[PDB]
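Novice: This is the structure I want to talk about, given as structure tokens.
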């Protein structure tokens, strides 16, 4: 009962053009489109393009029963209809669910793609009712999370909260509660929203505005970057473009390794003592989550990823300087504050 | 500085013959051989071709196996990957994907014994409960007791992590005497001491193989087939719970509570599956078992009949207690 799926050979990826795109959008509730460029006149890039379809074809086969369809849009022959749908970022995949146009910013792998669309398929807002369920919510700390207290799911405030949830779906989990006892523990007023920074226990309340739907969106985009961020294969490329003057403070730590877990607890403590400084934000990369990238990382950065590492990586030219080594919570902090320019 | 590897097109997988193996075993420190529908065959080499490109400079070579050396090398299973490192043959029992194959081989390259020095590292060691672990207190690698421990480590490498310490401060916290070895059951906090018996080495192996089944086990992609093939009755108690989801986190804590109070029953061994770790298998599980994996699930799977009996929880407030789950699993006899 562990049948790992193998490719059928059946063609399910659609060639979306200006003549059939209207009918394809009616076919599927959730539609994934690989917005691509035609391969250049060199079989070096052609070989690379067919594997992109091979990954999509497997994902189309695995998610066929979920009402998910996969398509291809060429930007030099179907550039017209590409603009009507909102396909702008080139060589990117876009997911369409109702009125949502979500750009995929993660691994172009069969596993991550299917996992990402499974997360697009779930509802943008999850409800918390029991205190036993609230305790579980508070122990999720590796990501940004928003929770609000509303009178009803038919309320105008919940629908404004749900609309903002679909804006960041499915990267940022949005939680809601109608239980007055749950809001008591969170110190949450009616229609008040709690924003939890990553790896933080104390949240912050989003200020109330007349257009609250837009307020949640701009507040999230203002606080999307935390002092400590975990690189995840689903949003890996989205986290990499959030550079700080062209550099990235990258720390490698294996969570399953006690030496890496020991350094991970240090990065957690450093995140607390430096919540005040936004210029200091560490991207924690667990190399156990990115096996295909550690030989490139070891070669480019000249480090051994079997041990905890931390340093500053240049986004442009991939240059890097790394701390020499386990460091204490304080020792790490000024090691960061003495490399500024 | 985040360039995902893209396939070269260069063939690095060697077609091994009965006049090839003696030197390709010498060219590479670690050798991974795929003991092999018409179309389905050559595309699973594409997964192998990406792994060979990624592990090009790690001393890892990939090969394809003709039946003459399958006799000598020990390749037995129908379509499986065998990994060679020194005097050991490791049979791969995980996802056949570029994700887990590269990750599995990086662990094979690791040393079989990891050392714990200092109390800060000891605390972090105790926060790892996803797998069975062993910790032994010796003096040095020169010790005769350490040699038996390290020898037992390579027979389970890299499935069972083996830990050691020469620091007396670390062993005092664990109350581990010299040459004493503690066996941590998965998701169990307090371990049991392996008895120090005349011949140490295989008593560690006999103890580990005897206790290879914990009350609660986590299905991991690199060892997915190792478990579910450590099978009794041909049946498996399968629990689905997303750790990143609060609703699944709550049911996970109920599963953890069961793993403490019920080591008495030999046949209460739940396999916790996190569907977030196996996206390619979610639609298959939802169709074979007829359950929605967005919510916690637990039930008995009978591979003999491909049958399944599930708990049928309406909503979150329908999730069972630590004792309701224990009772429900017991009354499923035949």
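Every residue number used here counts from 1 along the chain in the order it is shown.
From the backbone N, Cα and C atoms, a Cβ is placed for every residue, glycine too.
Reproduced below are the annotations present in Swiss-Prot:
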{"type": "MOD_RES", "residues": "A:7", "note": "phosphotyrosine"}
{"type": "MOD_RES", "residues": "A:45", "note": "phosphoserine"}
{"type": "MOD_RES", "residues": "A:88", "note": "phosphothreonine"}
{"type": "MOD_RES", "residues": "A:180", "note": "phosphoserine"}
{"type": "CARBOHYD", "residues": "A:314", "note": "N-linked glycosylation site"}
Novice: Which one, from the modified residues A:7, A:88, has the smallest tally of other C-beta atoms lying within 10 Å of its C-beta?
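Specialist: Result for the modified residues A:7, A:88: minimum number of other Cβ atoms within 10 Å at A:88.
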Novice: So, in DSSP terms, is residue A:45 (phosphoserine) helix, strand, or coil?
Specialist: helix
Novice: If you measure Cβ to Cβ, which of the modified residues A:7, A:45, A:88, A:180 are under 8 Å from chain B?
Specialist: A:7
Novice: Relative to the Cβ position of residue A:45 (phosphoserine), how many further Cβ atoms are located within 10 Å?
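Specialist: Excluding its own Cβ, residue A:45 (phosphoserine) sees 13 Cβ atoms within 10 Å.
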Novice: In terms of DSSP three-state secondary structure, what is the assignment for residue A:314 (N-linked glycosylation site)?
Specialist: strand
Novice: Between residue A:325 and residue A:326 there are 5 residues with no coordinates; how far apart are their CA atoms in Å?
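Specialist: Result for this gap is 6 Å, Cα to Cα.
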Novice: Could you tell me which of these recorded positions, A:180, A:314, has the fewest other Cβ atoms within 10 Å of its Cβ?
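Specialist: Taking A:180, A:314 as the recorded positions, the minimal 10 Å Cβ count falls on A:180.
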Novice: When you put residue A:7 (phosphotyrosine) at the centre and draw a 10 Å sphere around its Cα, which of the recorded positions A:45, A:88, A:180, A:314 have their Cα inside it?
Specialist: none
Novice: Using DSSP with the three-state reduction, classify residue A:88 (phosphothreonine) as helix, strand or coil.
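Specialist: Assignment for residue A:88 (phosphothreonine) reads coil.
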Novice: Please state whether DSSP places residue A:180 (phosphoserine) in a helix, a strand or coil.
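Specialist: Going by the DSSP assignment, residue A:180 (phosphoserine) falls within a helical segment, counted as helix.
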Novice: Using C-alpha atoms only, work out the spacing between the residue listed as 'phosphothreonine' and residue A:45 (phosphoserine) and round it to an integer in Å.
Specialist: 21
